[PDB]
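Line by line, the protein sequences are chains A and B.
Letter by letter, the first sequence follows residues 29 to 336, 343 to 547, 551 to 698 of UniProt numbering.
Letter by letter, the second sequence follows residues 536 to 547, 551 to 698 of UniProt numbering.
Heads up, the beta-carbon is just placed ideally off N, CA and C, and yes, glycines get one too.
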Amino acid sequence: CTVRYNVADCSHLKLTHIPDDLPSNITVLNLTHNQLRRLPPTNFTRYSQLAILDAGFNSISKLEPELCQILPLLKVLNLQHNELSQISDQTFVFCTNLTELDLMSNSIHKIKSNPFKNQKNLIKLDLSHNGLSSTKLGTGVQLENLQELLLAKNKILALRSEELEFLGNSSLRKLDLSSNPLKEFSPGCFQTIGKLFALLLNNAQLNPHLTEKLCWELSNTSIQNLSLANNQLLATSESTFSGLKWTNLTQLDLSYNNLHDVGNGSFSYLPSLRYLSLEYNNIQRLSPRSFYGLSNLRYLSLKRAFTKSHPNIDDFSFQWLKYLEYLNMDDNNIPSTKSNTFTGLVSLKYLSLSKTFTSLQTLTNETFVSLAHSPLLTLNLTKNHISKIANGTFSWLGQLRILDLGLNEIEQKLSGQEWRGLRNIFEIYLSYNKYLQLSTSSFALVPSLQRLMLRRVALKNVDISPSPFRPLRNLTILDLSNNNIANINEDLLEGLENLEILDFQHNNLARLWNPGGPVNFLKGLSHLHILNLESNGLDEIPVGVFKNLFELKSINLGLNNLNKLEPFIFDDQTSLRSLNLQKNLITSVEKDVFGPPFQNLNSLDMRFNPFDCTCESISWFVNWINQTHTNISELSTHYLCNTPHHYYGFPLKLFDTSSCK
Amino acid sequence: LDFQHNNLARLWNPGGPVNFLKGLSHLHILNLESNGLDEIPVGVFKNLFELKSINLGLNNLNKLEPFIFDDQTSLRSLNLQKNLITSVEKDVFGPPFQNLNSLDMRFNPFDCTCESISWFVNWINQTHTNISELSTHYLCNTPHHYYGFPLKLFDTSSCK
Ligand SMILES: *[C@@H]1O[C@H](CO)[C@@H](O[C@@H]2O[C@H](CO)[C@@H](O[C@@H]3O[C@H](CO)[C@@H](O)[C@H](O)[C@@H]3O)[C@H](O)[C@H]2NC(C)=O)[C@H](O)[C@H]1NC(C)=O
Ligand SMILES: *[C@@H]1O[C@H](CO)[C@@H](O[C@@H]2O[C@H](CO)[C@@H](O[C@@H]3O[C@H](CO)[C@@H](O)[C@H](O)[C@@H]3O)[C@H](O)[C@H]2NC(C)=O)[C@H](O)[C@H]1NC(C)=O
Ligand SMILES: *[C@@H]1O[C@H](CO)[C@@H](O[C@@H]2O[C@H](CO)[C@@H](O[C@@H]3O[C@H](CO)[C@@H](O)[C@H](O)[C@@H]3O)[C@H](O)[C@H]2NC(C)=O)[C@H](O)[C@H]1NC(C)=O
Ligand SMILES: *[C@@H]1O[C@H](CO)[C@@H](O[C@@H]2O[C@H](CO)[C@@H](O[C@@H]3O[C@H](CO)[C@@H](O)[C@H](O)[C@@H]3O)[C@H](O)[C@H]2NC(C)=O)[C@H](O)[C@H]1NC(C)=O
Ligand SMILES: *[C@@H]1O[C@H](CO)[C@@H](O[C@@H]2O[C@H](CO)[C@@H](O)[C@H](O)[C@H]2NC(C)=O)[C@H](O)[C@H]1NC(C)=O
Ligand SMILES: *[C@@H]1O[C@H](CO)[C@@H](O[C@@H]2O[C@H](CO)[C@@H](O)[C@H](O)[C@H]2NC(C)=O)[C@H](O)[C@H]1NC(C)=O
Ligand SMILES: *[C@@H]1O[C@H](CO)[C@@H](O[C@@H]2O[C@H](CO)[C@@H](O)[C@H](O)[C@H]2NC(C)=O)[C@H](O)[C@H]1NC(C)=O
Ligand SMILES: *[C@@H]1O[C@H](CO)[C@@H](O[C@@H]2O[C@H](CO)[C@@H](O)[C@H](O)[C@H]2NC(C)=O)[C@H](O)[C@H]1NC(C)=O
Ligand SMILES: *[C@@H]1O[C@H](CO)[C@@H](O)[C@H](O)[C@H]1NC(C)=O
Ligand SMILES: *[C@@H]1O[C@H](CO)[C@@H](O)[C@H](O)[C@H]1NC(C)=O
């Protein structure tokens, strides 16, 4: 087995017999994924100190009580994926300390007598996928402290007040009744339970009339979390949920219930709900009175809550949701917005509208007029086929912090008036766009940015003086990768004292680093953390470009052609934590180049390089590798030399340096 | 026969290499430039006696198996420029160099070592083959002492 500290785990050993050779100073034993004839009752004499046993995923036919007598200190008893054709009460008469019983696949058809007259400390009772037909588990009052009762993937036809009366004072935190073909509910079947809080009815095929009758039956109860998923709730009426008007609910779920129509006042009898979900529904439309009465909701999800003839939302449809703060409408097909769609939401702070608009190619200053009176903090608009934005689009939303406009085809000459009205925004998501032309005043109106990534935007004309990034001072993260920049001067990025993260992947900086004077990039970047110039076609590193980068942490210069390693290139990089030079054309590793970066390096990566197995090239590198604990992944595999012929295709570590000094 | 830019690299172990050019005696010029070939197996240029030109440039060829060119006794022009050739061995480029008229292997990471270029340097010193840009685009890439050094100006007195 693994034989780790204290606990013992045996993932896969093809074990067939209970072993007794392992040390006895253990408290947990694992038997998952093993083939056993039958659990012996007398072989546990040696192991009488196990707190719990993970004896599951086993082909055990019959269970004997004597086992859990030899181990009185037994807490978790998992018997899932086992045969267990039939069980009786005599297995649990002198077996009381159980706290966790798991029966997930045992094909237990009928329950006889009272098997649980002695278990007084059990909390979770998982009895599912066993073909159980009647929810009766006993006649007398038992299960004083039972918090979870799982009954799923069985064939219960109905619930009756007499088969559930055996729970006298049980306080069930979570009740599971999923995948049960329930067709009717006897009156008073829920009042016999002491205190029930949550219920699950997934894959239970609830009819709307059956759902209404269930809601009537659920009155007087302390239910707070109710879930109704995978049903035939194609429509909802005013009186459908009226039976829940006497309950104090917290969460209501209606996902995967193909709801087509929402009646007027459907949830008007729910003055205490705080979280609501309508995921994956073919809702035709939402009337303004559909949400009437929901004055206490705080989280609404409308993911895939619309039909393909296209669905639309009327104005003033969210006025009643004055306490909502998290609205999600991802993956929908609303054509466009109106003047009074979001009007009424006075507490919305997190709004997601990803892939929800189809006819909103052009954005004006009337699209987000409804959100002026709402202090939003996050706005998601990805995959919305955004093509053009007008001035004053975000003027109303002056409290925005997180803005998303990526994964679109925006094409426009940015002038800085597109962000007019934004007071204090944290970061802007404009990656993955077809064409965004920058100007000298594009970022002047918003100097409060903290993160700014422009991946795959085909940006151009960024060498214009003054740089558009000049007004940004406290910016921390900047990304201009995958854009194929033609050229850049030292004017850009100047004054970014607070900049920490910089990425220049796929930007062809080859010629920018001797003719016309080398560009002295990275001037005074004290706060820069990680520098990434991977796959920029770099061919030669000019001297004096990594200076003053004392606080730099990581360097990634892979997928390039670097062979001319100038001496003393890395002098101030004494705080480097990870050096990446994989897939380059490095031939020799000299001490004067990689010395200071190797003083306190944590991980190194320069694989796929034509190394030269010679005393002049890798002797210092081989000595350092042999005399360091730096994490070098695939050191023995992808570090083969390319020259000479004798040492071609040989591991870098398998080189003797005792003959050269 | 011209196969420029066709991605024939992996065709020369997918169930055994394909023995292409099987008994193609009358072919005169063969051009397979810029196909990314990485390894040429033995017994692929057999029965090519009348072939005159081979052009395998703009590829990545470093594994030169012995006796690759055995029937290329009538080769007139060999082109291997802009490849990843590191060493030039006699047993590989012997027969093609018997009557070669023009040779082109510029822009290659040559290794200025005794085992690699000694025979090639001697051949260059004692041949009349017309080679363009021989002293400019034939600089070695390793070691550091011989990096960026002309290939023709190599002393073989310390070799053999
Ligand atoms: C359990 O749920 C039932 C509903 O199924 C609740 O019944 C409701 O009980 C209240 C209080 O007894 C009734 O209000 C009363 O109405 C009479 C007129 O009939 C009025 O004179 C009283 O002043 C009082 O307002 C209410 O009508 C009744 N509703 C129904 C539909 O029966 C019951 O309160 C819940 N709790 C318990 C512990 O049963
Ligand atoms: C706005 O909604 C869209 C809906 O798709 C969100 O897109 C999803 O965002 C997550 C988190 O960024 C992405 O997961 C990521 O996957 C990549 C690998 O592709 C992984 O490297 C990251 O660590 C992360 O796990 C997810 O792929 C992405 N889905 C699509 C289709 O783009 C978007 O994040 C939302 N905007 C927010 C929350 O600001
Ligand atoms: C969204 O932004 C646009 C762009 O500024 C605003 O359009 C502006 O609307 C005002 C009032 O309609 C225009 O003022 C008047 O325009 C007429 C010509 O239409 C002119 O003859 C008058 O002397 C007066 O200037 C203004 O010109 C117009 N701007 C542009 C560039 O056409 C629009 O009002 C904004 N919408 C919201 C809701 O903020
Ligand atoms: C959205 O905002 C941009 C940025 O301000 C507006 O572009 C600006 O439009 C004005 C008005 O046409 C331009 O002023 C013009 O300048 C020329 C000289 O170049 C002058 O001869 C004209 O009489 C006029 O004053 C301004 O140059 C231009 N700026 C840029 C950077 O393009 C745009 O018009 C706004 N659009 C809407 C719909 O409000
Ligand atoms: C219903 O389920 C929700 C979701 O788990 C429970 O709310 C969580 O309560 C814990 C405990 O305070 C918090 O840490 C979580 O942040 C809450 N999550 C959400 C989404 O609200 C709620 O307590 C449950 N109702 C019960 C058990 O009656
Ligand atoms: C939620 O719980 C509250 C508190 O128990 C219920 O309010 C009580 O309602 C009864 C009538 O059934 C009154 O006699 C009590 O005086 C009320 N107490 C308080 C503190 O208001 C409420 O009815 C429950 N249900 C809903 C939907 O709120
Ligand atoms: C549900 O209630 C809404 C009101 O919230 C009703 O919508 C109104 O319909 C009338 C008739 O055309 C219009 O004059 C009103 O302007 C509408 N209200 C709003 C806010 O626009 C709707 O008709 C009701 N539906 C049912 C089936 O009763
Ligand atoms: C740029 O970021 C800095 C760092 O947070 C901001 O400085 C802080 O701003 C908050 C906002 O009120 C103040 O409470 C702090 O006292 C400021 N810290 C210091 C050291 O001055 C700065 O305001 C930001 N500038 C812009 C334009 O957003
Ligand atoms: C358990 O005890 C029986 C009886 O001695 C023995 O045959 C068997 O090998 C022991 N171990 C297991 C894993 O059954
Ligand atoms: C349940 O609670 C009632 C009332 O407090 C009490 O009379 C009864 O003994 C309790 N039963 C159990 C099994 O705790």
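From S265/A to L287/A, what distance separates their C-alpha atoms?
-> As a working note, residue 265/A is residue 237 in the first sequence. As a working note, residue 287/A is residue 259 in the first sequence. Roughly 11 Å between the two C-alpha positions.
Got a sec: is the Cβ-Cβ distance from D649/B to anything in chain A below 8 Å?
-> Position 111 of the second sequence holds residue 649/B. True, the Cβ-Cβ gap to chain A drops below 8 Å.
Going by Cα to Cα distance, which pick from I669/A, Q77/A and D649/A is closest to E627/A?
-> Residue mapping note: residue 627/A aligns to position 590 of the first sequence, counting from 1. The shortest C-alpha separation from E627/A is found at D649/A.
Is it a yes or a no for the region 667–683 of chain B touching the region 537–545 of chain B, going by three-plus beta-carbon pairs under 8 Å?
-> no
Could you confirm whether any beta carbon from chain A is found closer than 8 Å to the beta carbon of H675/B?
-> Here residue 675/B refers to the residue found at position 137 of the second sequence. No - not a single Cβ of chain A is within 8 Å of the one on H675/B.
Is it right to say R332/A is buried, meaning 16 or more other beta carbons lie within 10 angstroms of its own, or is it exposed?
-> The residue you call residue 332/A lines up with position 304 of the first sequence. Buried is the call here.
Proximity of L565/B and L599/B at Cβ, strictly below 8 Å | For this step, residue 565/B is matched to residue 27 along the second sequence. For this step, residue 599/B is matched to residue 61 along the second sequence. Going by C-beta atoms, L565/B is not nearer than 8 Å to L599/B.
Listed from N- to C-terminal order along the chain, which residues in the region 651–680 of chain B have their beta-carbon within a distance smaller than 8 Å of any beta-carbon of chain A?
-> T651, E653, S654, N679 and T680
Have a look at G595/B and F631/A and give me their C-alpha separation to the nearest angstrom.
-> Reading the second sequence from its first residue, position 57 is the one you call residue 595/B. Reading the first sequence from its first residue, position 594 is the one you call residue 631/A. Each residue's Cα considered, the two are about 35 Å apart.
Contact list for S625/B against chain A, beta-carbon separation under 8 Å = By one-based count along the second sequence, residue 625/B stands at place 87. Chain A residues near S625/B: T680, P681 and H682.
Determine, using beta carbons only, whether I498/A and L483/A come nearer to each other than 8 Å.
-> The sequence position of residue 498/A within the first sequence is 464, counting from 1. The sequence position of residue 483/A within the first sequence is 449, counting from 1. Going by C-beta atoms, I498/A is not nearer than 8 Å to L483/A.
From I436/A to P500/A, what distance separates their C-alpha atoms?
-> Counted from its first residue, the first sequence places residue 436/A at position 402. Counted from its first residue, the first sequence places residue 500/A at position 466. The straight-line gap from Cα to Cα measures roughly 27 Å.
Hey, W354/A and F391/A: beta-carbon distance below 8 Å or not?
-> One-based indexing of the first sequence puts residue 354/A at position 320. One-based indexing of the first sequence puts residue 391/A at position 357. For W354/A and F391/A, no; Cβs fall outside 8 Å.
Three-state class that DSSP yields for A544/B in the structure shown | Residue 544/B sits at position 9 when you count from the first residue of the second sequence. Three-state result, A544/B: helix.
Mind checking whether the beta-carbon of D438/A lies closer than 7 Å to any heavy atom of ligand 2?
-> Taking the first sequence and counting its residues from 1, one reaches residue 438/A at position 404. Answer for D438/A: yes, Cβ within range of ligand 2.
heavy atom of ligand 4 below 7 Å from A424/A C-beta = Counting from 1 along the first sequence, the entry for residue 424/A is found at position 390. Yes, ligand 4 has a heavy atom inside 7 Å of this Cβ.
C-beta neighbour in chain A for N600/B, strict 8 Å | Sequence index remark: in the second sequence, residue 600/B carries index 62 (1-based). Yes - at least one Cβ of chain A is within 8 Å of the one on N600/B.
Are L205/A and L246/A closer than 8 Å when you measure CB to CB?
-> Taking the first residue of the first sequence as position 1, residue 205/A is located at position 177. Taking the first residue of the first sequence as position 1, residue 246/A is located at position 218. The answer is no: Cβ separation not under 8 Å.
Give every residue whose Cβ lies closer than 6 Å to any heavy atom of ligand 10, listed in chain order.
-> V169/A, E172/A, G196/A and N197/A
So what does DSSP say about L385/A, is it helix, strand or coil?
-> What you label residue 385/A is simply residue 351 of the first sequence in a count that begins at 1. Strand, per DSSP.
Under 8 Å Cβ to Cβ from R74/A, same chain only, skipping five residues before and after it: list those, please.
-> If you number the first sequence from 1, residue 74/A lands on position 46. Answer for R74/A: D48 and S52, listed in chain order.
Neighbourhood of ligand 8 [Cβ distance below 5 Å to any heavy atom], ordered by chain position | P481/A, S482/A and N508/A
Inter-residue Cα distance where the pair is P647/A and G553/A | What you label residue 647/A is simply residue 610 of the first sequence in a count that begins at 1. What you label residue 553/A is simply residue 516 of the first sequence in a count that begins at 1. Going by the C-alpha atoms only, they are around 31 Å apart.
Local conformation of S329/A per DSSP, three classes | Within the first sequence, the letter at position 301 stands for residue 329/A. Of the three classes helix, strand and coil, the one that applies to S329/A here is strand, per DSSP.
For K560/A, I'd like the list of residues in its chain whose CB is within less than 6 Å of its CB, leaving aside the five on either flank, ordered along the chain.
-> Translated into the one-based positions of the first sequence, residue 560/A becomes position 523. For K560/A, where only same-chain residues beyond five positions count, there are no Cβ hits under 6 Å.
Measure the C-alpha to C-alpha separation of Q175/A and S199/A and round it to an integer number of angstroms.
-> Working through the first sequence from its first residue, we reach residue 175/A at position 147. Working through the first sequence from its first residue, we reach residue 199/A at position 171. The straight-line gap from Cα to Cα measures roughly 6 Å.
Quick one: measure Cβ to Cβ for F607/A and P634/A, integer angstroms, because I've assumed they're closer than 8 Å.
-> Residue numbering aside, residue 607/A sits at position 570 when the first sequence is read from its first letter. Residue numbering aside, residue 634/A sits at position 597 when the first sequence is read from its first letter. With a Cβ gap of about 5 Å, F607/A and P634/A count as contacting.
CB-CB under 7 Å to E193/A, same chain, minus the five flanking residues each way: which ones, in chain order?
-> Working through the first sequence from its first residue, we reach residue 193/A at position 165. Once the five neighbours on either side are set aside, the close Cβ partners of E193/A are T220.
Which residues mark the beginning and the end of the alpha helix (DSSP H) in which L456/A is found?
-> Numbered from its first residue, the first sequence carries residue 456/A at position 422. Premise fails: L456/A is in no alpha helix (DSSP H) and is neither H nor E.
Give the secondary structure of residue 337/A by DSSP, where H, G and I count as helix, E and B as strand, and everything else as coil.
-> In the model as presented, chain A runs from 336 straight to 343, which leaves residue 337/A without coordinates.
Indicate the three-state DSSP secondary structure (helix, strand or coil) for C678/B in the structure shown.
-> Position 140 of the second sequence, counted from the first residue, corresponds to residue 678/B. Residue state, collapsed to three classes: strand.
Cα-Cα separation between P505/A and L526/A, rounded to whole angstroms | Reading the first sequence from its first residue, position 471 is the one you call residue 505/A. Reading the first sequence from its first residue, position 492 is the one you call residue 526/A. Looking at the two C-alpha atoms, the distance is approximately 11 Å.
Does the region 649–666 of chain B come within contact of the region 574–582 of chain A, defined as at least 3 CB pairs closer than 8 Å?
-> no
How would the residue list near ligand 9 read, in chain order, if you kept each one whose beta-carbon is closer than 5 Å to any heavy atom?
-> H45/A, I46/A, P68/A and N71/A
Please check the pair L280/A and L304/A, which I expect to be a contact at CB under 8 Å, by giving their CB distance rounded to whole angstroms.
-> Indexing the first sequence from 1 puts residue 280/A at position 252. Indexing the first sequence from 1 puts residue 304/A at position 276. Yes, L280/A and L304/A are in contact; Cβ-Cβ is about 5 Å, under 8 Å.
Where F635/B sits in the DSSP three-state scheme | Start at 1 with the first residue of the second sequence, and residue 635/B comes out as number 97. Helix at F635/B.
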